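Participant: I'd like to ask some things about the structure below.
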Amino acid sequence: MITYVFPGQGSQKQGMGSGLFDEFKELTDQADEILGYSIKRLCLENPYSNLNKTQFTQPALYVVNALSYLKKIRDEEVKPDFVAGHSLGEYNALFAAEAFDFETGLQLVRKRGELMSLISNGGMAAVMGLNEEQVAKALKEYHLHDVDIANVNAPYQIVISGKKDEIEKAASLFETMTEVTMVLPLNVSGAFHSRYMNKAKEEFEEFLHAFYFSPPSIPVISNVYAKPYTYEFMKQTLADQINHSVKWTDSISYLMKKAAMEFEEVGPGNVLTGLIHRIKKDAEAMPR
Ligand SMILES: [Br-]
Ligand SMILES: [Br-]
Ligand SMILES: [Cl-]
Ligand SMILES: [Cl-]
């Protein structure tokens, strides 16, 4: 079996999508019409560092990941058995599973990036060396009560999120723990995937009711539940993703439990492939 995984924030890169925009001129056109600016020039020229501003990052990755997928299935004449994507990438999983049409997905990611671009006074940090339960127990033991787990990315790679002062305290606490080897601050100024996103999630949820969705043709493993999307809950699960943790390791472990599972990262970079490598190697280790 094969799963296609689609990357999110941090995998954008000037030069992303080179060749694809001219090869899919119909869809490139459709994206420029919606956005009001050239998606190709944003990606290949990165005017004014715009690729690293979320209101533009999210359309840019969604378009490059979508055209990457269309190129790959056309050249290989195969579709994947399952799809998933990390944060923003879940919109590209839903596009591959025909849950909405190309233009619809772009309007959703444009709105998502606008809402997230207005969030301030937050921070997120990637803690390396503790597993999910150890970070949850530490936030309790050490009274970091206003910090949330935002991503569970690899067996020992957890992202925490909260207001900026509380995240700097929590990062420094984690740096004193025995098994923590690095705490890296993420390039964001909002507490994404946390309780501080509750108002943005309510706004986005209401927004989704104007759009048109269809039952997936490929199962989409959701970030909120690490189980397939169902049609009647698709808008609630997509909105829920904004204020809940991304359960990436449980998503990939549910796919591996099926048996011989291949993963292919579709879009720029190799971030998800690196996470999957650590999830597979950890699954081969026994308890002690
Ligand atoms: Br091009
Ligand atoms: Br790891
Ligand atoms: Cl982003
Ligand atoms: Cl669902």
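According to my numbering, the sequence shown is numbered sequentially starting from -9. All C-beta atoms, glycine included, are put in the ideal place defined by N, C-alpha and C.
Counting pairs of beta carbons, one from the stretch 203 to 214 and one from the stretch 87 to 106, are three or more of them closer than 8 Å?
Facilitator: Yes: at least three Cβ pairs fall under 8 Å.
Participant: Cβ of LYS30 versus every heavy atom of ligand 1: is any distance shorter than 7 Å?
Facilitator: Yes, the beta carbon of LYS30 sits closer than 7 Å to at least one heavy atom of ligand 1.
Participant: Using 8 Å as the cut-off, can you tell me whether the stretch 172 to 192 makes contact with the stretch 108 to 125, which would need three or more C-beta pairs spanning the two stretches below that distance?
Facilitator: Flag = yes, the stretch 172 to 192 and the stretch 108 to 125 touch.
Participant: Can you tell me whether DSSP reads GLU254 as helix, strand or coil?
Facilitator: strand
Participant: Below 8 Å CB to CB, which residues in the same chain sit around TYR215 once its five sequence neighbours on both sides are set aside?
Facilitator: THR227, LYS237
Participant: Is it right to say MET224 is buried, meaning 16 or more other beta carbons lie within 10 angstroms of its own, or is it exposed?
Facilitator: buried
Participant: Answer with buried or exposed for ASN213, where buried requires no fewer than 16 other C-beta atoms within 10 angstroms of its C-beta.
Facilitator: buried
Participant: Decide yes or no for the touch test of the stretch 21 to 28 against the stretch 64 to 71: beta carbon pairs closer than 8 Å, at least 3 of them.
Facilitator: Judged by Cβ distances under 8 Å, the stretch 21 to 28 makes no contact with the stretch 64 to 71, as fewer than three pairs qualify.
Participant: Give me, in chain order, the residues of the same chain whose beta-carbon lies closer than 8 Å to that of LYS248; leave out the 5 immediate sequence neighbours on both sides.
Facilitator: Excluding residues within five positions, the ones whose Cβ falls inside 8 Å are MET(-9).
Participant: To which residues of the same chain is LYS30 closer than 7 Å at the C-beta, ignoring the five residues directly before and after it?
Facilitator: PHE11, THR18
Participant: Three-state secondary structure (DSSP) at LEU174?
Facilitator: strand
Participant: Who are the near neighbours of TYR146 in its chain, counting only those whose CB is closer than 7 Å to its CB and skipping five residues on each side?
Facilitator: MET118, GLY119, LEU120, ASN121
Participant: Flag this pair as touching only if the stretch 91 to 108 and the stretch 38 to 57 have three or more C-beta atom pairs under 8 Å; answer yes or no.
Facilitator: yes
Participant: Spell out a yes or no on whether the stretch -5 to 8 and the stretch 51 to 59 are touching, meaning 3 or more CB-CB pairs, one atom from each, closer than 8 Å.
Facilitator: Contact between the stretch -5 to 8 and the stretch 51 to 59 is established, with three or more Cβ pairs separated by less than 8 Å.
Participant: Any beta carbon from chain B within less than 8 Å of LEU41's own beta carbon?
Facilitator: Among the protein chains of the structure shown there is no chain B, as only one such chain exists.
Participant: If distances are taken between C-alpha atoms only, which option among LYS130, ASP155, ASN141, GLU196 comes closest to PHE182?
Facilitator: With distances taken between Cα atoms, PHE182 lies closest to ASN141.
Participant: Please name the residue or residues paired with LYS153 in a DSSP beta bridge.
Facilitator: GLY112
Participant: With a threshold of 16 other CB atoms inside 10 Å of the CB of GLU255, please say whether the residue is buried or exposed.
Facilitator: buried
Participant: Around ligand 3, which residues pass a check of Cβ closer than 6 Å to any of its heavy atoms?
Facilitator: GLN(-1), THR44, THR47, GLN48, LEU78
Participant: Where does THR47 fall in DSSP's three states?
Facilitator: helix
Participant: So, helix, strand or coil for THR239, using DSSP?
Facilitator: Helix.
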